[PDB]
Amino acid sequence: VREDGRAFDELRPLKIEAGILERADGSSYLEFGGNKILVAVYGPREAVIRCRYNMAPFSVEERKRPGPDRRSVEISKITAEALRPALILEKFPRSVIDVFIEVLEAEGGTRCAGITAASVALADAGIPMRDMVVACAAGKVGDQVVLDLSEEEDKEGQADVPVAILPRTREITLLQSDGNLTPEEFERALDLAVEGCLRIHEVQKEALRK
């Protein structure tokens, strides 16, 4: 039993809703544990993908002065790269697509949650896609490899391995690792994360159908 009482391969409460915003071309709202994430898609408009991951000042324990920081800039960079393989961009020449990811509340694993919600927003905008993109983090905490690390589990985590994939082919579209893993431990955490992605993918597809 983990600190919140989960199993080693157990996700946090997840719900995904599509089409919640009025102005955006496509949109999604994602709740994952404490995480509250809103995504808006604009375009294609006057093909590149332009992604801003941003956190609300009140999204964390201590008020985060608004404006971009180094961590936000990195996440924005790798998210744009994470989403790109899913989109059939050849249809819209010399234009741009905007993906605005707003973290309203954060509780660890937002970069993955962000991508997961973004893919839904992208589909909701009617962007031609060859597949969904779905992301999830695995990691290590009690000397044990576990799936979907919570915020305060990461407070004393031994490794964190965020992964984003294209469900159908299992193409790894995002991948990071910090902390300390043996090549054997890593192999498990990647595989465990990939399983989470496939499970979360069902919630993505259902949000679109609903």
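Just count from 1 along the sequence shown to find any residue number.
- Unmodelled stretch separating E62 from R63: none (count of deposited-sequence residues without coordinates).
- Averaged over their C-alpha atoms, the temperature factors of 117-125 and 87-95 are higher for 87-95.
- Judged by mean Cα B factor in the deposited record, 47-55 ranks above the other of 143-151 and 47-55.
- The entry lists a Cα temperature factor for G157 that places it in the highest third of the chain's modelled residues.
- Sort the modelled residues of the chain by CA B factor and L104 lands in the lowest third.
- When the modelled residues of the chain are ordered by C-alpha B-factor, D131 sits in the highest third.
- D9 sits in the highest third of its chain by CA B factor, as recorded in the PDB entry.
- Among the modelled residues of the chain, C197 sits in the highest third by CA temperature factor in this PDB entry.
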